[PDB]
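Chemist: Next up, coords_2.pdb (PDB, C-alpha atoms).
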```
ATOM      1  CA  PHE V   1      95.214  97.017  87.745  1.00  0.00           C
ATOM      2  CA  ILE V   2      97.606  99.630  89.117  1.00  0.00           C
ATOM      3  CA  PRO V   3      98.668  98.765  92.702  1.00  0.00           C
ATOM      4  CA  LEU V   4      96.713 101.020  95.026  1.00  0.00           C
ATOM      5  CA  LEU V   5      98.174 100.498  98.535  1.00  0.00           C
ATOM      6  CA  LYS V   6     101.564 102.195  98.694  1.00  0.00           C
ATOM      7  CA  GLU V   7     102.093 101.338 102.370  1.00  0.00           C
ATOM      8  CA  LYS V   8     104.339  98.298 102.854  1.00  0.00           C
ATOM      9  CA  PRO V   9     104.574  97.969 106.659  1.00  0.00           C
ATOM     10  CA  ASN V  10     106.107  95.101 108.649  1.00  0.00           C
ATOM     11  CA  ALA V  11     107.223  93.868 105.252  1.00  0.00           C
ATOM     12  CA  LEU V  12     110.227  91.920 104.060  1.00  0.00           C
ATOM     13  CA  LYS V  13     110.487  94.049 100.894  1.00  0.00           C
ATOM     14  CA  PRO V  14     109.679  97.654  99.933  1.00  0.00           C
ATOM     15  CA  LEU V  15     106.711  98.360  97.681  1.00  0.00           C
ATOM     16  CA  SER V  16     108.863  99.605  94.764  1.00  0.00           C
ATOM     17  CA  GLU V  17     110.469  96.515  93.209  1.00  0.00           C
ATOM     18  CA  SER V  18     107.466  94.571  94.469  1.00  0.00           C
ATOM     19  CA  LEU V  19     105.568  96.839  92.060  1.00  0.00           C
ATOM     20  CA  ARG V  20     107.430  95.647  88.970  1.00  0.00           C
ATOM     21  CA  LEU V  21     106.796  93.163  86.184  1.00  0.00           C
ATOM     22  CA  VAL V  22     107.756  89.492  86.092  1.00  0.00           C
ATOM     23  CA  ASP V  23     108.851  88.039  82.760  1.00  0.00           C
ATOM     24  CA  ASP V  24     106.294  86.927  80.153  1.00  0.00           C
ATOM     25  CA  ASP V  25     106.874  83.162  79.968  1.00  0.00           C
ATOM     26  CA  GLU V  26     105.030  80.063  78.760  1.00  0.00           C
ATOM     27  CA  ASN V  27     102.327  80.223  81.439  1.00  0.00           C
ATOM     28  CA  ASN V  28     101.823  83.968  81.896  1.00  0.00           C
ATOM     29  CA  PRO V  29     101.585  87.116  79.770  1.00  0.00           C
ATOM     30  CA  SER V  30     102.576  90.579  81.012  1.00  0.00           C
ATOM     31  CA  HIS V  31     101.102  91.450  84.434  1.00  0.00           C
ATOM     32  CA  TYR V  32     101.796  93.084  87.813  1.00  0.00           C
ATOM     33  CA  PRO V  33     102.646  91.361  91.132  1.00  0.00           C
ATOM     34  CA  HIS V  34     101.912  92.352  94.735  1.00  0.00           C
ATOM     35  CA  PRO V  35     103.513  94.791  97.250  1.00  0.00           C
ATOM     36  CA  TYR V  36     103.719  92.684 100.442  1.00  0.00           C
ATOM     37  CA  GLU V  37     104.591  89.339  98.841  1.00  0.00           C
ATOM     38  CA  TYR V  38     108.017  88.945 100.439  1.00  0.00           C
ATOM     39  CA  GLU V  39     106.529  89.427 103.900  1.00  0.00           C
ATOM     40  CA  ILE V  40     104.311  86.468 103.005  1.00  0.00           C
ATOM     41  CA  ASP V  41     107.236  84.573 101.469  1.00  0.00           C
ATOM     42  CA  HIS V  42     109.090  82.915 104.373  1.00  0.00           C
ATOM     43  CA  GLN V  43     108.112  84.803 107.535  1.00  0.00           C
ATOM     44  CA  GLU V  44     108.586  82.975 110.814  1.00  0.00           C
ATOM     45  CA  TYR V  45     105.157  83.206 112.371  1.00  0.00           C
ATOM     46  CA  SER V  46     104.007  84.377 115.779  1.00  0.00           C
ATOM     47  CA  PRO V  47     105.078  81.926 118.530  1.00  0.00           C
ATOM     48  CA  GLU V  48     102.245  82.986 120.899  1.00  0.00           C
ATOM     49  CA  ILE V  49      99.747  82.439 118.101  1.00  0.00           C
TER      50      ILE V  49
END
```
Using structure tokens, write down the structure that the file contains.
Modeler:
Amino acid sequence: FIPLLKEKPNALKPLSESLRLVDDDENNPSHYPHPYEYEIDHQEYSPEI
């Protein structure tokens, strides 16, 4: 699957290096990760929520 949402808004990382490949190690073959993963990585959440 080619990544299909090029918009990376309110994100902690751009979409470019987020659209890369991780290494092919003992648990995973070659595949593609997500655009907005770093925004989901350690974001301090909404205080009013």
Chemist: Write out as number ranges by chain each polymer residue whose atoms come within 12 Å of residue 5 of chain V, counting all atoms listed in the file; drop sequence neighbours fewer than 6 positions from it.
Modeler: V: 14-16, 18-19, 34-36
Chemist: Using all atoms listed in the file, pick whichever of V:11, V:6, V:1, V:24 has the shortest atom-to-atom distance to residue 39 of chain V.
Modeler: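 Of V:11, V:6, V:1, V:24, the one nearest residue 39 of chain V, counting all atoms listed in the file, is V:11.
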Chemist: Please write out, as AutoDock Vina command-line options, where the centre of an axis-aligned box around all listed atoms of segment 4-22 of chain V lies and how long its edges are, in Å to one decimal, after adding 8 Å on each side.
Modeler:
```
--center_x 103.6 --center_y 95.8 --center_z 97.4 --size_x 29.8 --size_y 28.7 --size_z 38.6
```
Chemist: Check the smallest atom-to-atom distance from each of V:32, V:38, V:7, V:44 to residue 20 of chain V using only C-alpha atoms, then report the winner.
Modeler: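 Closest candidate: V:32.
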Chemist: Taking only C-alpha atoms into account, which of V:12, V:26, V:3, V:17 comes nearest residue 41 of chain V?
Modeler: V:12
Chemist: Figure out the distance between atom CA of residue 23 of chain V and atom CA of residue 9 of chain V, please, to one decimal in Å.
Modeler: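 Separation between atom CA of residue 9 of chain V and atom CA of residue 23 of chain V: 26.2 Å.
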Chemist: Which distance in Å separates atom CA of residue 37 of chain V and atom CA of residue 22 of chain V, to one decimal?
Modeler: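 Atom-to-atom, atom CA of residue 37 of chain V to atom CA of residue 22 of chain V, that is 13.1 Å.
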Chemist: To one decimal in Å, tell me the separation between atom CA of residue 30 of chain V and atom CA of residue 10 of chain V.
Modeler: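 Result for atom CA of residue 30 of chain V versus atom CA of residue 10 of chain V: 28.2 Å, one decimal.
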